[PDB]
Structures are given as structure tokens and as C-alpha cells.
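*Asks:* Structure below; questions to follow.
A short reminder: the numbers here are calculations on the coordinates, not readings from a lab. Neighbour counts run over all protein chains shown; Cβ positions are idealised from the backbone, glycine included.
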């Protein structure tokens, strides 16, 4: 997590956490700031606004150091920078009150250090918090899954 | 001191210091240089030229933690970055030789950790060195002191 | 070596080395990149294109902090950042295989710590590798010694 | 002169609208596959809208 997840800086504040996966950087469109890495600041970000994201191609040096996409997501506990995340009923949820603004772009991690979803927001349903995320599909489709009442952090 | 006192840098050399007091940032006018801090660099500085100072409102995310000030000045020794300054006869005297260029904008602290004045320069009286500073007053007043021969550091 | 030898950045990668000798800063011309030192970034470079080098006058603080040159070159082994280099038959040679692209501008030292030459490239004979470097002469003459088949690193 | 200029303007606006719609359709139908590995794309869409 720490080695290859570069915060986005603005006004002396971290606004999110851009992630480089499969040789491409991803950054949530709704969030604003600058990337600390000078190299990533020189990448042209193509915007997929329907997914609330922009992507660009990482440079040649950094190609070898990126997180891995995934497709298989058995329901259960998954790794996270703030702990563990529960996946059930095709939905991701976290203990209520954990996370918030400035945490966008945080990757949900699998046991083998593979990325499962990217955090965009959270909806509070009282008992837990439902994560609005972008997920993969068996046909290699990056589905943006956002429960009702999701708030983009 | 170390946490909340910011060097002023020019051409890769530290040539000054800016201080935050009472929710406001101040800086020596005579010195030219950037401020590395993003928000302070983004602060609009209203310049009081006869005071040889510019003041700017510190942003809200760090206005909570700012140096406290004082007006009471009992005579005696006062701690400071390069040791202790003797305050007597309305004058900040320091042992001869101590200090020089680049020490402008260093706060003078109290024993209870309170800012009393900001040094601008110094003039060797012979066995000691008189500090030209910006003292405050009990009537809510701020007075620049420039001992005859005061040298802008 | 480590203090007075600086890296050149190319997209955030090392691609050569700049050497400070006698208060003047040299950098290979074929190697393109930015000097890591901000001070050296402000030095204007005039180019000796036929020598494939650019030299500039270092600022006043590092004019003393520099490598010392020398002209006496008895044949034998000489120091090098990657190990030992052989000066034989008026030729600088290294074991075949060590060194390559990005090693341009590496200084060649003397045992007492003085500089004798600066490496620019190499050509492989199969048994050893002959380095195309710049060598100084008893008459204070700098020959750019390039063996046949020299390739700029 | 007015009639010819109007015909030219209508042709220009029709072409501009068609180009914008085509480029938005390319974006829409390609960006999901560009954020994922192993884009098994039926190549008709790319071949149509690459030119």
C-alpha cells in the first residue's frame, strides 16, 4: 500500500490516493489536487466521467511496479489500509464511521496483494457503511458499483 | 520553536525566517525569498512598509495551533534560538558576536513559551550587541525599535 | 567521490554524472538530463561540442568544495566507482562487462583522491573494454581519447 | 449567395454533430475496456470509428 500509492496534495492537505494498476494510473475525477510524484504530474489524464475517473499511462521506469487487477471476488473479508472490508450480496461494506473524505482512491486489497476495488465514496446505512466503488467483471468489465445514498469522499 | 517557525529560503539558501503568531503570519520585509509552505505562499500579504513587515491571515486548518503572544516584559534574561537575550533599559542586548545575516524574523520567546518580539537586526555596542526588534505595548501597540546603527540582518 | 559527484535526472532516472573539478562543473553533452543540485541548475553551460562536454563556473560556495585534477599518469591500476580501471598502452580499460549506458561522466580518480580522467563511453575488444574518456597531458592538454568503436554510455 | 451559404452551414453543422456523436460513442464503448486487461473487443466498432 505504502510503496505504490501516491497521495494527491492540495493546500497542504491530502485529498486522495491515486493508484497505478496494470501500467496505468487512476484518479477520481470528483477530487482535486496535485500528485506529489513529478513523473505522475507529467502524465496526460484521459477522463472517463461516466466512471468518475481519469487514467493515464505510467512511465517506463514505473511499469514494473504496479498493483494487479483481478476478477475473482469471493464474498468475505478483504484487505484495506484501514483494516478489513466485508463483501456480501454483491456489495462492499465497512464498519460505520471508518474512512471519509481524503480517502478516495484507496484500493481494496485481496490476500495475494491484488486490487479488488477502488474506493470512491461511502454510504451510511446506520449499522455499517456501504462503499461506492469500481469493480471488475468476469468479462473484464470495470463496473462502477455505487449503492444508493453514496457520498463521494 | 522547531515545529512552528519556518525558514525563508532563497536560491537554495536560508536567508530569513517567518513566524506565525496569534493566528497571523509575519515575515521580515527586507528579506527576499519564497516560503516553502503552500498556504503561506498562497496567503495574501498586506505590507506595512514603515514597520518593515507583512502580515497575513493564517488558514483555518492551522489557525488553531499558532504561537501565543504577550505584552508583559519583565527585565532579565530571555531565551532565544542562539541562547539568551538580556532585556534591559527597553533594549534587547545580546553577547557581542552572536547572530548575523539570516537570523532575521526569529521570534524572541518567553520562559512560558510566549512570543514577545521579532528581531530584525543587531548593532554591536562593543562588549554586547543591541537587537533592533519589534516590541509590543500594554495599550495594544506595536513599536519598532531600531538602535542607532541598527543593521538589517 | 559521493559528495562531489552528482546525478543527472532523465525523467527521474540517472543517465550520467556531473563532476566538479577546480571550481568548474562539467557535464557530458550527449547525456541529456537535469542536474540534481538546484544550484548547479542555475549554472549557465557553454558547450565544447567537439569534446562532447559542457563546462561552467561553479558558484562561490563550492569553488573550494571541488575535486583536484592531476596530470601525472604512470601506467597501472587506477580507482573507479565501479572498481579498478587499468591505464595501459595509453589506454584506459576495465574488465569486459562492467559499466554501460548511464555511466557517462563518471570520474576516474587517483589513489590520493585526485581526478585523472572522465569516462564518456566504451568499446569492447572481447577480452576487455576500452573506455573512451578525456585525458589530460603533461603540456596541460586535454585529449578526448576515443578508441575505435567507442559507444557513448 | 444566402442560399449557398445556408447549405454550407447546414453541411458543416451536420458533420460537426456527427463527429461529436461518433467520438462520444467511441469514448463510451472503449473506456471500460481500456481500464481493464485483455480487451476482447469486437473490432467492428474500433475499425469503424478509428478513421
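*Asks:* Run the simple label-point estimate for residue C:4 and residue D:4 please: 7 Å along Cα→C-beta, distance reported in nm.
*Replies:* The modelled label-to-label distance comes out at 7.9 nm.
*Asks:* Tell me the volume per residue, in Å³, of the convex hull enclosing the alpha carbons of the protein assembly as shown. Provide the component values of the computation, followed by the final result.
*Replies:* Working: hull volume 166.5 nm³, N = 510.
Convex hull of Cα atoms, per residue: 326 Å³.
*Asks:* Can you tell me the relative contact order of chain C? Whole percent, Cα pairs under 8 Å, sequence separation 6 or more.
*Replies:* Values: 348 pairs, mean separation 28.7, N = 153.
This gives 19 percent for chain C.
*Asks:* Same structure, new question: Can you sort B:116, D:41 so the residue with the fewest Cβ neighbours within 10 Å comes first? Spell out each step's value before the answer.
*Replies:* Details: B:116 21, D:41 12.
Neighbour counts put them in this order, fewest first: D:41, B:116.
*Asks:* Tell me, what is the Rg over Rh of the range C:68-153, with Rh the Kirkwood radius over Cα pairs?
*Replies:* Working: Rg = 11.7 Å, Rh = 12.7 Å.
With Rg and the Kirkwood Rh in hand, the quotient comes to 0.92.
*Asks:* Right, another one. Compute the acute angle (0 to 90°) between the alpha-carbon long axis of helix D:2-34 and the principal axis of greatest extent of the alpha-carbon atoms of chain D; round to the nearest 10°.
*Replies:* 10 degrees
*Asks:* Of D:50, C:19, D:29, how do they rank once you tally other Cβ atoms within 10 Å and put the fewest first? Write down the numbers at each step before the final one.
*Replies:* Numbers: D:50 8, C:19 22, D:29 14.
With the fewest neighbours first, D:50, C:19, D:29 line up as D:50, D:29, C:19.
*Asks:* When Cβ neighbours within 10 Å are restricted to other protein chains, what is their mean count per residue of peptide B:71-82? Write out the running numbers ahead of the final one.
*Replies:* Values: counts 0, 0, 0, 0, 0, 0, 0, 0, 0, 0, 0, 0.
Per residue, the average neighbour count from other chains is 0.
*Asks:* Now a separate question. At 0.890 mPa s and 25 °C, plugging the Kirkwood radius over alpha-carbon pairs of chain B into Stokes-Einstein gives what diffusion coefficient in µm²/s? Don't jump to the answer; show the numbers that get you there.
*Replies:* Details: Rh = 15.7 Å.
Estimated diffusion coefficient is 157 µm²/s.
*Asks:* While we're looking at this one, here's another question. For each of A:101, A:139, C:73, count neighbouring Cβ atoms within 10 Å of the residue's Cβ, then give the residues from fewest to most.
*Replies:* Working: A:101 14, A:139 10, C:73 17.
Starting with the residue having the fewest Cβ neighbours, the order is A:139, A:101, C:73.
*Asks:* Moving to a separate point now. Could you please state, rounded to a whole Å, how far the C-alpha centre of the range B:41-90 is from the C-alpha centre of the range A:1-56?
*Replies:* Answer, in whole Å: 39.
*Asks:* Over all residues in D:33-46, what is the mean tally of Cβ atoms on other chains that come within 10 Å of each residue's Cβ?
*Replies:* On the way: counts 4, 5, 15, 12, 9, 4, 1, 2, 0, 0, 0, 0, 0, 0.
Average per residue, whole number: 4.
*Asks:* Just for chain C, what percent of DSSP beta bridges are antiparallel, to the closest 5? Let's see the in-between values first.
*Replies:* Values: 47 of 49 bridges.
Expressed as a percentage, antiparallel bridges in chain C total about 95.
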